[PDB]
Amino acid sequence: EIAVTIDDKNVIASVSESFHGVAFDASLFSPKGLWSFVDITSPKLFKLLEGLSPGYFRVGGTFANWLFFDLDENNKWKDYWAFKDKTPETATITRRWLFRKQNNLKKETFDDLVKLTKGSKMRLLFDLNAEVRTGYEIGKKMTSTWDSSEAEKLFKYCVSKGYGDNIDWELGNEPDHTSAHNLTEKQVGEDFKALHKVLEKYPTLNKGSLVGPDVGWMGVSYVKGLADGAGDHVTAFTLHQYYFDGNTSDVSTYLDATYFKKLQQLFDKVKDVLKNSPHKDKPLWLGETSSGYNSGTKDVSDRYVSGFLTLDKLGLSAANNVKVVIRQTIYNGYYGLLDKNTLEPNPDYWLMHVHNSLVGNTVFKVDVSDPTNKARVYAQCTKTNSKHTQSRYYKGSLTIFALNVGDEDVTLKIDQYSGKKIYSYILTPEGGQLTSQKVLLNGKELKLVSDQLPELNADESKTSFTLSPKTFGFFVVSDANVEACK
Ligand SMILES: *[C@@H]1O[C@H](CO)[C@@H](O[C@@H]2O[C@H](CO)[C@@H](O)[C@H](O)[C@H]2NC(C)=O)[C@H](O)[C@H]1NC(C)=O
Ligand SMILES: *[C@@H]1O[C@H](CO)[C@@H](O[C@@H]2O[C@H](CO)[C@@H](O)[C@H](O)[C@H]2NC(C)=O)[C@H](O)[C@H]1NC(C)=O
């Protein structure tokens, strides 16, 4: 029904081996530390994160700009206007600042995060506070300089504990959108230059990635500002992306293929802003991404139907040589991968785990004949070393994956592999309901067991590349014997 060509001869991208990531929002902290519901210690969580490994665990977001390591009564910043209650005098001087005062990142919570990420083969990507600044004068002096004293308190603690081998750093978050000090593109460049100079003093903490500036399409000027100011010291540019407002959306929004292209346009805008930069080919990460902003869509974005945009994003990012995709959030909000209380995995968790199991980092271009875009196809090399695929598929195997938001059955006519052996991994909702919170792999429900991931049951009843309406899945062409994959 649908014509599909895969150019399996030309590698268009090579993503990170650590392609998958999850975000742990800094809004999980309070002045007293984590909210009481937050679980970063259950064996269960270690097993679920391992299922997305090797990957990234991002601690960050808007609230990172009022998080304080080991907050006590003597803290340097406690008497500073941006970290006190709003006054008539400070009420109109900021860019959308929330005046939430100070949250506490406790020593033992930072210990637990290092333990969790090390334990799960995840890197800890920590979002440092950018709104601790000197030189500002209310109503007189707009300019202000990043003050590294807070970051160095955490760096000294890391060195004291022998932490660092799995820690990556970023600084601030969406400065274009929310900022006490109205940070400019030039200031963010200067901030990253200054952080890189500090990290030079902590060599055990400076071997991983320094990424920024964590902006979406309205803030791409800050990517250019960061490239100009500190580009020679930045590993990768972190981008943020959401297709729509989750709060005004419903089940139909999550099936709407007109949204797909929003992601491509973000990548095009970044390439354009960088067109006159030595850093035009700097790796891009999605450092914080989901379908709906404003915490997603209640009782929708934690359900099966979230999977369509989730899968399209994973394939289109990889096709654009975006190295890392960090999903907002591991839990909390309506777009959580897990239930925040039970850690029970939502359908998007299972979709990411299956993608992580079957999909390697070498990427090919897929030409698909469907001007409607209701059917989306991607092709990358089968991952050969996942607990699933180890000694099961071998280098040269191709993983094709696809989604179908149409209300028809589609057959992908992939002539060039006609007569090859197909292993199918088809994800459908329990009870046929798009809002199901339970997902079937080839008719079997995916679930844990004494906190163990279930074995993936491949379906060897091949024959064609077909999707039922409103489904997605992966097809491993075990004997594709693709040269680029060897
Ligand atoms: C910092 O930026 C803001 C926004 O550009 C400036 O103006 C304020 O914007 C906020 C919301 O972001 C409004 O609620 C305020 O009423 C606006 N204030 C005005 C119009 O004065 C703000 O003046 C800027 N501050 C400095 C120091 O330049
Ligand atoms: C859109 O936003 C509002 C919050 O501003 C959500 O309504 C809240 O839902 C929570 C439970 O998740 C309740 O505790 C609050 O009382 C609700 N507040 C209000 C003001 O209604 C709402 O669920 C969101 N809707 C969607 C579709 O995501």
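We count residues from 1, following the sequence as given. Because only heavy atoms are used, hydrogens play no part in the values below, and waters and symmetry mates are left out as well, while side chains stay in. We count ligands from 1, going down the list as the structure has it; atoms in each ligand are counted the same way.
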Atom 1 (C) of ligand 2: of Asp245, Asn294, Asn247, the nearest heavy atom sits on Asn247
| query | Do the ring planes of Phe19 and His355 sit parallel (below 30°), tilted (30 to 60°) or perpendicular (above 60°)? | reply | parallel
The ring pair (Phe, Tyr, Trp, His ring centres under 6.0 Å) partner of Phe24 among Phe57, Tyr56, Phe126, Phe63 is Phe57
Checklist line | Polar contact flag for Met142 and ligand 1 (N/O pairs, less than 3.5 Å) | finding: no
Strictly by modelled atom types, are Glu152 and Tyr202 linked by a side-chain donor-acceptor pair under 3.5 Å?
yes
Quiz item: Within 4.0 Å of atom 28 (O) of ligand 2 (strictly less), any protein heavy atom?
Solution: yes
- Task: Inspect the contact between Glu150 and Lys76 and indicate whether a charged nitrogen and a carboxylate oxygen are less than 4.0 angstrom apart.
- Result: no
Is atom 13 (C) of ligand 1 near the protein, in the sense that some protein heavy atom lies at less than 4.0 Å from it?
no
SB check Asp112 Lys115 (cutoff 4.0 Å): no
*asked:* Using a plain distance cutoff, I'd like to know if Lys298 has any nitrogen or oxygen under 3.5 Å from a nitrogen or oxygen of ligand 2.
replied: yes
Ligand 2 to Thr297, heavy atom cutoff 4.0 Å, flagged ligand atoms 28 (O)
Restricting to heavy atoms, the pick from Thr143, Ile138, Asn182 nearest atom 24 (C) of ligand 1 would be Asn182
Going by the 4.0 angstrom heavy-atom rule, the piece of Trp97 near ligand 1 is neither
shortest atom 18 (N) of ligand 1-to-protein heavy-atom contact is with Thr92 O, 3.1 Å
Paired with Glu344, the side chain to side chain donor-acceptor pair (under 3.5 Å) test is passed by just one of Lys447, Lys44, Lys438, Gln437, namely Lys44
One finds that the ligand 1 atoms under 4.0 Å from a non-hydrogen atom of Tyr136 are 27 (C)
Nearest non-hydrogen protein atom to atom 10 (C) of ligand 1, with distance, is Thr94 O, 3.5 Å
Below 4.0 angstrom, counting only protein heavy atoms, does anything approach atom 5 (O) of ligand 1?
no
A student checking ligand 1 against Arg95 at a 4.0 Å heavy-atom cut-off should list atoms 12 (O)
- Message: Could you check whether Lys280 pairs with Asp272 (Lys NZ or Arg NE/NH1/NH2 to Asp/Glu carboxylate O, under 4.0 Å)?
- Response: no
- Under-4.0 Å salt bridge between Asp348 and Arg327: yes
_Plane angle bin for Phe99 and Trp97 - parallel if under 30°, tilted between 30 and 60°, otherwise perpendicular_ = perpendicular
Among non-hydrogen protein atoms, atom 8 (C) of ligand 2 lies closest to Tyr334 OH, 4.0 Å
Rounded to the nearest 0.5 angstrom, the CG-CG distance for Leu67 and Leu71 is 9.0 Å
**Prompt:** Could any protein non-hydrogen atom be found less than 4.0 Å from atom 20 (C) of ligand 2?
**Reply:** no
